[PDB]
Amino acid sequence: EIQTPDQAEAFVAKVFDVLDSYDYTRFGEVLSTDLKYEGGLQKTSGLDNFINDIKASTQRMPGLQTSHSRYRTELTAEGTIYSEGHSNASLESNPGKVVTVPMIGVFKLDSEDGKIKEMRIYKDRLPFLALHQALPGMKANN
């Protein structure tokens, strides 16, 4: 059970380690099957609907690779985790180009099994339009 900001931050890091793998068979390890997700105008109910929202993104961005870091997390008396950090993304065909923006995640956990029941992620997606398909092994950025 998460009781300190550091434990909450470590759990957020574990969550994004799963999400950033795109191994959908592992998402239920950390996300409730009744997950309520919001990321901007993207809004889903249920883990399968969440996964189908992400798969569609990996098609807008072939070879998408992502990572997250954290620097400031609070765990509140209401049980909410607020975790501020950064979101990094590239396309595998040109890994020397990385887009990084600040982000914050708001999380609520299931009281029984500790999985994420509500996840609201806020960041600016406009800079990610700078990601672009390239030929792997062929220079694509000045």
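So that the term is clear: the rigid core is the largest set of C-alpha atoms that superpose within 1.5 Å between two forms. So that there is no doubt, residue numbering starts at 1 and follows the sequence shown.
Rigid core fits of the other structures in 5 other deposited structures of this protein place the C-alpha atoms of one stretch farther away on average; of 8-16 and 124-132, that stretch is 124-132. Relative to the shown model and aligned on the rigid core, the C-alphas in 5 other deposited structures of this protein deviate most, among 108-116 and 55-63, for 55-63.
Stretches 58-66 and 88-96 differ in mean C-alpha B factor, with the higher average recorded for 58-66. When the two stretches 128-136 and 17-25 are set side by side, the higher mean Cα temperature factor goes to 17-25. When the Cα B-factors of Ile81, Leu41, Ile104, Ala77 are read from the PDB record, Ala77 comes out highest.
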